[PDB]
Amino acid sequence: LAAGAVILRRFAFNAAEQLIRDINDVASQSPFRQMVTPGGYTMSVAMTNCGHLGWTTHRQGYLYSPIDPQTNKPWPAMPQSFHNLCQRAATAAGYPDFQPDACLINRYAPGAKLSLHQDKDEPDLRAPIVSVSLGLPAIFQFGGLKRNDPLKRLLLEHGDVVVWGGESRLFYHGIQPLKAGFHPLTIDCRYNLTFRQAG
């Protein structure tokens, strides 16, 4: 279905409760904000980061910054639960040398979406991206190298971890409007953690 992608469904189930406590802690220092894309449009997905570097939008485009543009303070440190879960996930996928220095935390409110894009702000594209889904289920869609390539759908549920390596690392991807509902741990939203080798 996807070359280089290792899907580990429900892998983060045991760590989930502590990951949500740590997202809330990260958010108390660097709050969730809906970033404004270079063209002047506010994204529906609320984001924040933890680690040495953090993904953000800017006037000139998209970049990794060691400073939070909103608080003007550094991003919070990468929590131990985050580091430990990512490490075990990457190792189980055949990447024991993967050491992330950036974790983009996405919050999806009901109806929130993320249109087709590529993750190409990283120095080494051979390095994977570890994605961890928490809360409400979402339909992830992926294509190919071009923007007009056929889209394939994949449901990502609570605890699902996918290590996007190989060819799948360069694929155009996104999230369809989050369907309304309830989850015992997140109430009415979905969280997604994307660990990156940004330095």
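What we label the rigid core is the largest C-alpha set whose atoms superpose within 1.5 Å from one form to the other. The numbering used is simple: start at 1 and walk along the sequence shown.
Once the structures in 4 other deposited structures of this protein are superposed via the core, the pair 145-153 and 41-49 is resolved in favour of 145-153 as the more displaced stretch (C-alpha RMS). RMS Cα deviation from the shown model in 4 other deposited structures of this protein, rigid core fit, is larger for 121-129 than for the other stretch of the pair 121-129 / 77-85. Mean CA temperature factor is higher for 119-127 when stretches 74-82 and 119-127 are set side by side in the entry. Taking only CA atoms, the mean B-factor in the PDB entry is higher for 59-67 than for the other of 129-137 and 59-67. Remark: of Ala27, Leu145, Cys50, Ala46, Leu145 shows the highest value [criterion: C-alpha B-factor in the PDB entry]. Based on the entry's C-alpha B-factors, the most elevated value among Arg33, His173, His158, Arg169 belongs to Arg169.
In the deposited entry, the Cα temperature factor of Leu114 sits in the middle third of values across the chain's modelled residues.
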